[PDB]
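Take a look at this single chain, the form solved without the DNA, given in structure tokens.
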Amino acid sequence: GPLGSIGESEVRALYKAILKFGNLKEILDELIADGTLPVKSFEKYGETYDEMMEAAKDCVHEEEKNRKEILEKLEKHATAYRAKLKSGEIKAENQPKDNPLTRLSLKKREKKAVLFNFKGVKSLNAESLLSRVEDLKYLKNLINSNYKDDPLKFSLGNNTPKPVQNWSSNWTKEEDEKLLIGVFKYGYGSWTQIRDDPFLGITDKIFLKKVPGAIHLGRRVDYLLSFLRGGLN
């Protein structure tokens, strides 16, 4: 390791490449060749990757543990209040504006960010890193298990996605299949290469006042991989 250690600028660079390609330990040679990362030994980059994903896991487990203990308390207070309504001591058509049922609902619906600091770099998002790595590992294994000879034959079967009939172009189950084959080939966020691939045939259906643009495609991929893995339940 005579080329020096890993610093803040190399960290910022590793974080962006993971959000795009997932687990990147098998493509280190390619990321150095085009200047994305400066030259260090392969071992140093692998060890840093592992350390980052470990800090992300710990962060996510710690916050779930706290949320769960608070929800257990509010559920207990809510049970007591129900016996009061059924018996008449409080009246259902005349409840106080601040009550045990509104307190439970607020926490249940709460959406807050889960963040950590790494090697001088501040405010990395633990949930974004973990979801992206697991979603892209699922997509690679599904396609190699079933369509090894020719990825272009990939199909959704009877699994039925929510329609987008208000887009500018005509977008159906077949266009959803070609979009996921494109991410398997080129990475998350590579929308120009996906649009211009002549074999996928969606060149005229993407708009880089026209919808879909870059923001709509990102949201569509996050929804489709969550749904196939059973995450809507």
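Each form is matched to the other, and the largest set of C-alpha atoms that superpose within 1.5 Å is called the rigid core. Counting begins at 1, following the sequence as shown.
Just so you know, the form deposited with the DNA bound exists too; it's not on screen, but the next bit is about it.
Only one of 81-89, 68-76, 118-126, 137-145 places residue heavy atoms within 4.5 angstroms of the DNA in the entry with it bound, namely 118-126.
Contact here is defined as any heavy atom lying within 4.5 Å of the DNA in the entry with it bound, and by that definition not a single one of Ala17, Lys153 and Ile206 is a contact residue. In the entry with it bound, the DNA sits beyond 4.5 Å of every heavy atom of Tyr186. Residue contact check for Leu24: none of its heavy atoms lie within 4.5 Å of the DNA in the entry with it bound. Although the partner is absent here, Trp191 is a contact residue: one of its heavy atoms lies within 4.5 angstroms of the DNA in the entry with it bound. Contact between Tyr49 and the DNA in the entry with it bound is not found at the 4.5 Å heavy atom cutoff. Of all the residues from 197-223, those having a non-hydrogen atom no more than 4.5 Å from the DNA in the entry with it bound are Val211, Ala214, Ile215, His216, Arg219, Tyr223. Annotation for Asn99: C-alpha shift of 2 angstroms or more between this form and the one not shown, rigid core superposed. After superposition on the rigid core, displacement of the C-alpha of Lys111 between this form and the one not shown amounts to 2 Å or more. Comparing the forms between this form and the one not shown, the C-alpha position of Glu174 differs by less than 2 angstroms, with the core used for superposition.
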